[PDB]
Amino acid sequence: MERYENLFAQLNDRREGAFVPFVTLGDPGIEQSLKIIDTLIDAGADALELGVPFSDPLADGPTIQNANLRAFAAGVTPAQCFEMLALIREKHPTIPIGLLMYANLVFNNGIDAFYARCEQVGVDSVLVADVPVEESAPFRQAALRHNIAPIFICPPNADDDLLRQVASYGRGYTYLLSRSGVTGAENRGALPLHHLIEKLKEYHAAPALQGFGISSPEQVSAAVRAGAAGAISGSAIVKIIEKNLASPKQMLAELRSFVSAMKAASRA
């Protein structure tokens, strides 16, 4: 969890927001995914959000559904994902790495054993998309025992009780949801979130990253201007992978151009 603390301290010094891409590990294959991730980092990614392919990702829209499917077509398993995470950490000692999990993959062979493996490969946070705060106790306890930040969701319909819980329970960063619905670049968030950002800061929550529907540099700037510590973009990144499956070279060139632009938008 300390890699996030170090990142946000450095970004605060430079009056900078964080830009955090999401991709599915192993999409479209293990080798190309590792190259994709190296390009995301070289182009300016401040941290990573990394999905482990799951059979039924019910918080994801079609773009990331298809990313999961491509990884499965390449035979990618959670065990291979942990192999990949070790290789990423070996190359990149300081970048914060957060996993996007669904509950059954964490629960399957023991919750404690899952977070132990996260600690052994050098993961910094885990977000379990289908575990609300009300069900979170064994997950967040296991995370903290293994020095893993448990990532909580602050939705736009959050009441005061929820803001206080996520501020107290969370570590690393607070996930500020742009909108209702599932992941996807096509639906862009509607209501401003200034109130929630300010309450989270009042309650000493982990710094807020906005996500869902962030697909353009203007949206990244707007998140920072509204007071958030940064922004996460997944479907817009994955769309570049989908569009360039037959040209891996062009795929990385467009990913680099997009990430650098999205990162530039986070700089004051």
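What we label the rigid core is the largest C-alpha set whose atoms superpose within 1.5 Å from one form to the other. Numbers follow the displayed sequence, beginning with 1.
Root-mean-square C-alpha deviation from the shown form, taken over all structures in 8 other deposited structures of this protein superposed by the rigid core, is larger for 102-110 than for the alternative among 67-75 and 102-110. The higher RMS C-alpha distance to the shown form in 8 other deposited structures of this protein, out of 55-63 and 201-209, belongs to 55-63, with every structure fitted on the core. For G181, the record comparison shows coordinates absent in at least a third of the other entries of this protein that model its neighbours.
In at least a third of the other compared PDB entries of this protein that cover both flanking sides, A190 is left without coordinates. Between 181-189 and 148-156, the higher mean Cα B-factor belongs to 181-189. As recorded in the PDB entry, 225-233 is the stretch of 225-233 and 59-67 with the greater mean C-alpha temperature factor. The maximum CA B-factor among the listed residues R171, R164, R140, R117, taken from the PDB record, is found at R164. In the PDB entry, a CA B factor belonging to the middle third of its chain's modelled residues is recorded for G110. Sort the modelled residues of the chain by CA B factor and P78 lands in the lowest third. Ranked by C-alpha B-factor against the other modelled residues of its chain, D124 falls in the lowest third. Sorting the modelled residues of the chain by their CA temperature factor places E49 in the lowest third. For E198, the recorded CA temperature factor ranks within the highest third of the chain's modelled residues.
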